[PDB]
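Structure record follows, encoded as structure tokens.
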Amino acid sequence: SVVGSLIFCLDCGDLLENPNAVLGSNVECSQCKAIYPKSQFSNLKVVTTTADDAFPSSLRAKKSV
Amino acid sequence: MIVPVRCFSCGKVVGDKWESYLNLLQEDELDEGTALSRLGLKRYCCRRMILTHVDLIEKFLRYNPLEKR
Amino acid sequence: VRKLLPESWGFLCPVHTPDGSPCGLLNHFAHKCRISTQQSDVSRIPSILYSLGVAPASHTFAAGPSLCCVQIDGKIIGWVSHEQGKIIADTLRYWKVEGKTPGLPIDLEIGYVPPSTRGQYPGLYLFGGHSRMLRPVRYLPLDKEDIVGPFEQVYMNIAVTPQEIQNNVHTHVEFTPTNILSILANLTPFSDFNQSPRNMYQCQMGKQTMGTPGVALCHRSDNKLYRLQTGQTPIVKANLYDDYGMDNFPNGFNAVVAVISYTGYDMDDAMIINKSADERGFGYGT
Amino acid sequence: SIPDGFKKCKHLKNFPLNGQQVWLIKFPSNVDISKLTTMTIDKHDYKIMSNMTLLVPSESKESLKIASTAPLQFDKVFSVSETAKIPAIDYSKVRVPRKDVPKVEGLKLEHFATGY
Amino acid sequence: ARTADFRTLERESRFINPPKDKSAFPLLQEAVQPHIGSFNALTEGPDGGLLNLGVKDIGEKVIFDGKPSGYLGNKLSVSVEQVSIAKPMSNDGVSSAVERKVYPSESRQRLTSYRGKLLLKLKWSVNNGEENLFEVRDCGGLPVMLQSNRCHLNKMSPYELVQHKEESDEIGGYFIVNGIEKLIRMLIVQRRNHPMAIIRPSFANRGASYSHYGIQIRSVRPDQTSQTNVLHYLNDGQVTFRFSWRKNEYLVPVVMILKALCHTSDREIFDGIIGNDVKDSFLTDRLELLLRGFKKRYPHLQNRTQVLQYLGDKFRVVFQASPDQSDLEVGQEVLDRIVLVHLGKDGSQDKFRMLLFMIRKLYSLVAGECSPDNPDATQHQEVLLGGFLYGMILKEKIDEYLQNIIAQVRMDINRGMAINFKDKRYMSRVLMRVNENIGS
Amino acid sequence: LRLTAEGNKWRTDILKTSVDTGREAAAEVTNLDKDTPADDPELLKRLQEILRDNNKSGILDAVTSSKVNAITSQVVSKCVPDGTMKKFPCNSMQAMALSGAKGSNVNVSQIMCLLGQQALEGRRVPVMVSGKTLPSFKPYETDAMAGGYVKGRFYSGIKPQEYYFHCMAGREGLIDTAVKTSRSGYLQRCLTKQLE
Amino acid sequence: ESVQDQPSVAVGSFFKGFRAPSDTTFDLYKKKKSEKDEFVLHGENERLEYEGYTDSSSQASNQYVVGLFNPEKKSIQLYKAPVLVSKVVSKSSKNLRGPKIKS
Amino acid sequence: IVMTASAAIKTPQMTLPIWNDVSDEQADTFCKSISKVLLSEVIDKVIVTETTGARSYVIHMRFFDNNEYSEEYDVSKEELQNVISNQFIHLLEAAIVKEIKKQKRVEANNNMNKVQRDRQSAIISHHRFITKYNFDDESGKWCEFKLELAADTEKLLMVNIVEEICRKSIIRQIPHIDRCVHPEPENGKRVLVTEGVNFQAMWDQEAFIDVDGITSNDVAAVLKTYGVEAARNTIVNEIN
Amino acid sequence: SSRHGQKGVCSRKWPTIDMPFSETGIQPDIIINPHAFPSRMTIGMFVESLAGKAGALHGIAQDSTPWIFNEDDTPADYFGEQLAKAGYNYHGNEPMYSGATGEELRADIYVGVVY
RNA sequence: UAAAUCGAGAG
DNA sequence: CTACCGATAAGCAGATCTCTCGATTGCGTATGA
Ligand SMILES: Nc1ncnc2c1ncn2[C@@H]1O[C@H](COP(=O)(O)CP(=O)(O)OP(=O)(O)O)[C@@H](O)[C@H]1O
Ligand SMILES: [Zn+2]
Ligand SMILES: [Zn+2]
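Protein chains in written order, with the deposited numbering: chain E, 2 to 66; chain P, 1 to 69; chain U, 517 to 802; chain D, 24 to 42, 51 to 67, 78 to 90, 105 to 125, 130 to 175; chain B, 11 to 78, 88 to 459; chain S, 833 to 1028; chain C, 13 to 115; chain G, 1225 to 1277, 1287 to 1338, 1433 to 1567; chain V, 918 to 1032.
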């Protein structure tokens, strides 16, 4: 149901809205209207790193070949 | 088309030799070089035409507008 | 876009292209290249594919370059591992080249692109549709004739002559190197002893030769026709001169040439025609 | 929605999933299950080495559910891959050495001096 | 052992008499195999040929009369069922009786084209199954190529070929028009049914979509007609489907088509795009952006029927949607007529999987895990045979013919006339009024 | 056009030293130590990255071109002046090359000794997506021959791969001729209009 | 040790992490076919319409085997599992539509 | 040169003669110091950590090793801290607020001393919504700064914008100068050539450059800063 | 033009008497200036000249498909063997006399037949 | 005898 | 506080040697027969 910043409905599979974009205390699925408490998920941590072709520098060329 | 009469380079008459060359090739097992030697063509200037003539006149003659198909 | 990419080895004749504005654009097909104008029956190929160890696309949960995607004429069939996909590609090629399974036709082009590092997108693409480009090459096992296309070729090892075959490297071999050239490019004598611009000029000039257009010229009304009265077959000619019956349309004549700076009137490119040869009928035409 | 020419189910068989690990094997249609890695069955040879959910008949044997334990996924998934005996290359037969251009035999002297 | 032989005796024998069974040179007629094969495949072969497949896929056009069904009534369903091309005959004036055969010899001598009359049968159906009035029209003389299935020199041996004043070994795949020989020149285009990554600055440069990435495909219908489906990229984290129906191009979000084309949830999209690569932060973030953007832009499109309804409503005049067909039907029509035509209708799940693979390939390309595919290298190219171009033009011309019929009926309705849809006199008047020279 | 037996022996002996020129140039470019066998996986990966990027490919092509150009200069210097069967002034080709009547020394050397290394636009031959410069060559090949460097001469013919490379270079020249014919008129016209 | 031609187990494919209440139940729909029979699953739930389908293009050319295996005994019990491409729909939104032709 | 008289030529550069007492050393370091260095050229990578426990954003940019990067580019860790604090955070803030408005339409982080806390508080006051800050002044290896953002705004990349800002930021660049490559002397001409035209930049550095022979590839700049006749001389030189 | 892209305009119709004649009495019908070859490098024409001469002498035809010869089967040597057996010069040259002075030229002229 | 567009082109 | 002055960004405007052959030339329409 959860992989990253995504929360997936366990019944139908529609994308539930962000917990910061709902009134609170629960989130309602937009298709089957099942109840999901705001608990059970609080740290939607992601880690992203820029590609190696993002900062072309002369020093980086000294770290290759 | 039809066999040239005279030789382009020198001038020897090779127009009378096409039929003889064809007969020497057909009725006898004579190679092209031996047949040309027998015909009397010593220089390659005379040899090349009778050796490499194509005789398109016969292919041209199959389309006669004056006779029934 | 006009530069001669190596991917056209055997399909587009490197020699044949007109000098000028269309140079590199209006190229020509190789003489042994055939375009599949009819759709081969690809109906039973998936049935063989699942039997070979391919998980179906209906229930797969697979995507990306991490797994080999097996396509058929632009439809997803299944998902298989990478080394596995290579094995299936090789087995399919073997089965196609041999005459045992009614399913796979010879014309079926199977292009397997292995995984790499930032290379082309991996997969296993099968094609059987029309408009494809096909060239016959000899499959090294079974010594039987195979058919390959541009997509499948650029990832394959094809020796140009049987003497160059290397162990565990080459899988195919061209029938003859002369089949990677078009007509009017295979008719140039001793083409390997010329400069390439001169080969291109000769190709562009063979189409402009004044020769016999046909033999039915009494049953036509073409506005302008050029006819060479006395044409002769070349003493020196490629094996393909009479394989295509070119002697039915002779183009020139055998002339006794002399490489000699004697007259003084022929220096840059001009030449001197013997007068006596000329008016004896050398080169006459209407 | 039910189409025409389509029947229904009447009864099923009790699956003792308890008795134990549930396996999956992807056999080909050509292979028939009779007297069951490079194992050989019939006359060919093959290489064999929650994507999908699991269902089972209920107590009444007229309904389905999701098999689980107090869901559940198959422990081992095998995909039976047909393989062919791929031949080796006979280099001594394919890599023939080059041959010289065939010289024309019986080449006799033809050039003669003028008048000779 | 001579390296090569002049074959003087054999060549002279051939000039003495042409072969009586087959052409002497197998490879001379294999050079013109493309054109001859394409032309004989556009008429003969499976399923009645590419022409029959095209006239089957063309469909029907609908117009209405002044009879107050709930609609305007008198539901006309005009369509062409079969197309048949016959070898060229000659009327010889008005003598008629037997139809003599015409030959390229006198075609060239006449300084006129070498055309055979083309037969088209319409299905003029009223009220959708009440009154069918078949009537086969000849719309002129369609020019046919030599040595093809519909040419009198189709299988003649060289002996009869020279007997018919044509040529010794004629292999012509050209056309004769106005006494001048013409040939449909070959053409090379994108490889069919293959989504290849494309990097091109001209997208962003004067393109509504803002990026130089994308995934372009050129899918071809079974009747050999193509429709590009460019999968653009937007820098903010979404992608946009693109296609052209008329000389103008249309843009739609990918999720709308992805949902309307086959029923699916938003979870299946994630599962398909991200196959076990749940740790791939770049893909997860881009997919989040795309899904949330679609949900924000179209929050009332909660069902497959609803997205289909929106598509049908959006595309009404462009696709000539008559009032009879509903919005959902129009949406299904445009979907099956635009996206992934090469997968055919009733292939919704396959089209879904193909578009999902396309999206994953696009994300991989913009992530740098793949390299752009050269559109100029032969590795990603194929050749149009010319005869397939003939089939394309014939399908388009039949579509235009049906358009002219419907337009004549509409103008007749606009003016004050009898406007009766069961009248054969009116049938002849409306059919004869339009210019129907498809051969011309 | 011919050569003495000793001259041909010299040419073949020098060309036999060009076998490892490509591998040595590749080893130097990839910063790998020499003696590395041509099928080292690390060398293959580095050649892959060099092919993938566009600047390291140019650097490697320049280095290999310099090495093979040194080899061909060696062959030319050893063979052209004192290796021919017929010597100047009997050698008519050498006479027209020296006297500037037509052709030049590079033309004569192409005819008689070596056709050199092919260069389309300041670089070696284009490579396929898989790392093959031609279907006949192993992926990520380490060989001067499979890089556009041709050992044939116009007197004794060229192998088909070398023929392909030569055709490619000729095509480049043919395009550049049209461009150079097209690229001067506006400048000429504006200058003369201003300064008339 | 035994092969069951009669159906005794089914496997579906909705998506990863699929879960339903124990009260959720499915039905079967079997064709009157001789070979390569297709199985269709129909589920029952309070607020979701469960339906199933099988594609005849793939299920006919491959067969799936489901069976247990004792850890120390080589006895296995083969079974026929039709694989299904199964989706889940909402009852309320399934019938949702709109006006046909706008003004 | 002739037809368009472009004042924005594709590759403007100038020739800088060098005094005969300046060797390869004490000139290579001048070249490195005068060359432009961008922010992207010292950042190894960035590790963007996003949390929605209010949308936090932890940005950790790994830096090149000090001993090598400070020697290669002649840039100090104090200089890097100054330039990042004054430019990078501000530019990232502007990009983020622009994107949001458009959308509407390692260790030792607990032992920071008093100076570090004061710098952090000051940078928080200067900037809009930066919550944390630290810089490894000991070795110049890393720098973290949280970017607490409002929960109403939707999700953002925080990778593409950081990439663009790092690429477009400037560490130490005198205007209209890109690099100063020292080519091999032609014939006893110890000359340095730049990658852009700005005469007034090297007029200050009399020690290393003999300003009496500054000839440039530009013509409009030469005309504007040296009169008509120098422009005529440079026109003749650049057409010859 | 030949079959190697060698254009040429007939500059003059040289009378046969002024035309240089050979030892056998063969006066060539076409003169190509030797200075063309060093820049064009059409050695294929040079090979074709002696190959055609051998073919015309022996009444045979020699194939000229590319990639039949190689480094150790040079076509020059191969056709020179046939020319020597026929009795002409192994290198394809041929003694020639000027048609105006009547005296033998300084060196034997390269003469052959080409298409 | 016109005038425009397209193709083949030559230097 | 508000009028005047420049500093970008988008649009507007215009550029990227002679000659010979061949081929070709629109649909829409609407009323007098
Ligand atoms: N007096 C001369 N006349 C002609 N060419 C000469 C020459 N002197 C030298 N050459 C050489 O001729 C070669 C080509 O010279 P160019 O001026 O380009 C005539 P081209 O027509 O372009 O030759 P092409 O036959 O290859 O097309 C050069 O290598 C040149 O060195
Ligand atoms: Zn739900
Ligand atoms: Zn003679």
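For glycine and all other residues, C-beta sits at the position ideal for the given N, C-alpha and C.
Contact under 9 Å by Cβ, residue i with residue j
{"i": "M108(B)", "j": "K120(B)", "result": "yes"}
{"i": "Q949(S)", "j": "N901(S)", "result": "yes"}
{"i": "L1325(G)", "j": "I1271(G)", "result": "no"}
{"i": "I412(B)", "j": "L137(B)", "result": "no"}
{"i": "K1473(G)", "j": "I1292(G)", "result": "yes"}
{"i": "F527(U)", "j": "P621(U)", "result": "no"}
{"i": "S2(E)", "j": "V47(E)", "result": "no"}
{"i": "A978(V)", "j": "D15(B)", "result": "yes"}
Rounded separation between residue i and residue j - CA only
{"i": "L302(B)", "j": "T1273(G)", "result": "16 Å"}
{"i": "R129(B)", "j": "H735(U)", "result": "11 Å"}
{"i": "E1522(G)", "j": "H1454(G)", "result": "35 Å"}
{"i": "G256(B)", "j": "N19(E)", "result": "17 Å"}
{"i": "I145(D)", "j": "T36(C)", "result": "51 Å"}
{"i": "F222(B)", "j": "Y252(B)", "result": "9 Å"}
{"i": "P130(D)", "j": "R31(C)", "result": "7 Å"}
{"i": "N767(U)", "j": "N887(S)", "result": "50 Å"}
{"i": "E668(U)", "j": "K1025(S)", "result": "58 Å"}
{"i": "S115(C)", "j": "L53(C)", "result": "42 Å"}
{"i": "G761(U)", "j": "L38(B)", "result": "7 Å"}
{"i": "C10(E)", "j": "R316(B)", "result": "21 Å"}
Determine contact between the region 15-30 of chain B and the region 704-721 of chain U, defined as no fewer than three beta-carbon pairs at a distance below 8 Å. no
Below 8 Å, can you find three or more Cβ-Cβ pairs linking the region 781-799 of chain U to the region 918-938 of chain V? yes
Near-chain P residues of the region 755-774 of chain U (beta-carbon distance less than 9 Å), N- to C-terminal order: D763, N764, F765, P766, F769, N770, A771, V772
How would the residue list near ligand 2 read, in chain order, if you kept each one whose beta-carbon is closer than 5 Å to any heavy atom? This selection yields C10(E), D12(E), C13(E), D15(E), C30(E), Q32(E), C33(E).
Would the region 364-372 of chain B and the region 266-284 of chain B be scored as touching if the rule is three or more Cβ pairs under 8 Å? Contact holds: three or more Cβ-Cβ distances are below 8 Å.
If contact means a Cβ-Cβ distance below 9 Å, which residues of the region 63-95 of chain C contact chain U? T66, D67, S69, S70, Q71, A72, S73, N74, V95
Taking three-plus beta-carbon pairs below 8 Å as touching, is the region 963-981 of chain S in contact with the region 1009-1028 of chain S? The region 963-981 of chain S makes no contact with the region 1009-1028 of chain S: fewer than 3 CB pairs, one atom from each, lie closer than 8 Å.
Under 8 Å (Cβ pairs) to chain C, residues found in the region 242-263 of chain B: none
Output the residues surrounding ligand 3, defined as those with a CB atom closer than 7 Å to any ligand heavy atom, in chain order. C7(P), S9(P), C10(P), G11(P), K12(P), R43(P), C45(P), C46(P)
Quick check: the region 234-247 of chain B against the region 200-215 of chain B, are there 3 or more CB pairs under 8 Å? At 8 Å Cβ cutoff, the stretches touch.
Do three or more CB pairs link the region 404-419 of chain B to the region 595-614 of chain U at distances below 8 Å? no
Contact set between the region 982-1005 of chain V and chain S, restricted to residues whose Cβ is under 8 Å from the partner: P983, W984, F986, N987, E988, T991, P992, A993
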